[PDB]
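Starting off, we have a lone chain in the form deposited in one PDB entry, written out as structure tokens.
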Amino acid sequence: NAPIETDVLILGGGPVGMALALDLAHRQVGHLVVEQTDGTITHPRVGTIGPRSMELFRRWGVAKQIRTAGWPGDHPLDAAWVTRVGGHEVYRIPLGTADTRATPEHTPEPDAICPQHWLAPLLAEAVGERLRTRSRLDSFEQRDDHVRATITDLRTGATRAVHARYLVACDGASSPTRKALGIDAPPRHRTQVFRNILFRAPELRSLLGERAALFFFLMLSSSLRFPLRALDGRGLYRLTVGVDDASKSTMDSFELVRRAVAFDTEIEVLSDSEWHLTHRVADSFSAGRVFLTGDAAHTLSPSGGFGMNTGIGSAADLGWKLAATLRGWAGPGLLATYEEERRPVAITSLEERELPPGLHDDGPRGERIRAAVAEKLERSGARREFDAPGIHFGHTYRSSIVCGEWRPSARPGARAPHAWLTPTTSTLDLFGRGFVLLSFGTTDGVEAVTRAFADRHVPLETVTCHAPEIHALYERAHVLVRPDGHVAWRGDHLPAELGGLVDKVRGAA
């Protein structure tokens, strides 16, 4: 069989690889995803989806299916520090429910909960035929204008040759592609080992009632503290305990869960495995026509789903730069800006106690003791870890393709702010294709910008907005937004040399 040709070969069908596939599909770029496994999920590793990631899934047309995948609209989203699930509570941060939560002001897409066993199937359905499961990329050989990859269909043992213009490795933290390329990714922190116990407790939610929660942090003893999370809000829970220097023995999985649950109820352990997390960032995000994205480029903190959200955001960044180069309007230096703009996000993120006696006491004394701990927890800004839009929306690119000059801002490099145009359409819904020039009030000079972009064959759409509130939000009369939704330039007056502007934002300067 002759070699199969495609513009982009995506190695790895994990969350990031599928996000990239969705962005390329959205941009009408030919691609193929090879996944060595069968796509099945036996122990969900991800579930929390940040609001920015959802804005991206919105753009890619799957936000609806994600939000309706099964998480209960009436399940509490609270985070609670307790001596035992169903026992004395120390500190609880009320976060409402999916159905009662107040509409977010800075985004059309609040965060979502979609465990991997629901997420994988949905993404695979959206990507369709382009996803090849049970397919293993064995090796790749770069050529001058393309990359040759050898893939083994694990069902037939037959090997196929795939010639792609670009190979994007979304093959995870231990990325064999990164190693093959000779790119180093030195550890940025000691390795953290986590023991994950996935269990099913059918009646636990009923026993908890409104005292149920998404996140439970157990304070069983000074030597035993760990999170226990509602995974699907329908019976599945995941206890994650650290196996550190304090870990002396390996307690029985069932006994650990029973110890963490105050109720005498049905508990069935489904899986008991470990995760060795080593924060690493690739020294380089590409070599020739081979790129690294997701954990392969940056294995980061899973706190608040930061690592996965960053991976999805990096996939969206590379997606538009690849499409622009493939279509021919990108400057030769555009692809290099993927590392320039995304590597700093990863780097910056990495740069970033005992229990009082009687804490589990029933009397009014223990209640007072728990109260005290609650104060320390709150003052330590523990509640800010559940209300920090800046972490999700605040990164601002200061790069070679951005013309320089938490609260939403349209400053160059930042994510253009959300505002409703209609009850169903946000300013964000205007972004994601090509460049967009938003003009508030006057349109003088806009025709000139239009021609400047056409001369370079750079896609541009111009939109005239008459809403004074949105103008106030954006602060300037004209705002040029990039294909990724970030601002490239703004001002009350269009620049004199538009040729220079067009070349700068497309990576040609």
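Numbers follow the displayed sequence, beginning with 1. Rigid core: the largest C-alpha set superposing within 1.5 Å between the two forms.
Visitor: Tell me whether residue 246 is absent from the model in at least one third of the other entries compared, counting only those where the residues either side are present.
Guide: Residue 246: unmodelled in a third or more of the comparison entries.
Visitor: Please determine whether residue 221 lacks coordinates in at least a third of the other PDB entries of this protein that model its flanking residues.
Guide: In at least a third of the comparable entries (those modelling both sides of it), residue 221 has no coordinates.
Visitor: With respect to the deposited sequence, is there a break between residue 184 and residue 185 in this entry, and if so is it 1 to 3, 4 to 9, or 10 or more residues, or none at all?
Guide: Count of unmodelled residues in between: none.
Visitor: If I compare the deposited sequence with the modelled residues, how many are absent between residue 352 and residue 353: none, 1 to 3, 4 to 9, or 10 or more?
Guide: Gap between residue 352 and residue 353: 10 or more unmodelled residues.
Visitor: What stretch has the higher average Cα B-factor here, 477 to 485 or 463 to 471?
Guide: Going by the record's values, the stretch with the higher mean is 463 to 471.
Visitor: Averaging the C-alpha B factors as listed in the entry, name the stretch that ends up higher: 406 to 414 or 240 to 248.
Guide: It is 240 to 248.
Visitor: According to the Cα B-factor stored in this entry, which of the following is highest: 429, 375, 171, 144?
Guide: Most elevated C-alpha B-factor of the set, per the entry: 375.
Visitor: At the C-alpha atoms, which of 383, 289, 343, 195 reaches the highest B-factor in this entry?
Guide: Max CA B-factor in the entry, restricted to 383, 289, 343, 195: 383.
Visitor: When the deposited Cα B-factors of this chain's modelled residues are ordered and cut into thirds, is residue 150 in the lowest, the middle or the highest one?
Guide: Highest third.
Visitor: Of the three thirds of its chain by CA temperature factor, lowest, middle or highest, which one includes residue 129?
Guide: Ranked within chain, residue 129 CA B lands in the highest tercile.
Visitor: Taking only the Cα B-factors deposited for this chain, tell me whether residue 32 sits in the lowest, middle or highest third.
Guide: It falls in the middle third of the chain.
Visitor: Going by the recorded CA B-factors, say which third of the chain residue 53 sits in, lowest, middle or highest.
Guide: Answer is lowest: the recorded C-alpha B-factor places it there.
Visitor: Which third, lowest, middle or highest, does the CA B-factor of residue 26 fall in along this chain?
Guide: Lowest third.
FYI, the form deposited in another entry isn't displayed, but the following is about it.
Visitor: Could you check which of 331, 172, 434, 366 shows a C-alpha shift of 2 Å or more between this form and the one not shown after a rigid core superposition?
Guide: The only residue crossing the 2 Å threshold is 366.
Visitor: Compare the position of the CA of residue 396 between this form and the one not shown after a rigid core fit and state whether the shift reaches 2 Å.
Guide: Shift at residue 396: below 2 Å after core fit.
Visitor: Using a rigid core superposition, assess whether residue 224 undergoes a CA shift of 2 Å or more between this form and the one not shown.
Guide: Yes; residue 224 is a residue whose C-alpha shifts (by 2 Å or more) between this form and the one not shown when the cores are overlaid.
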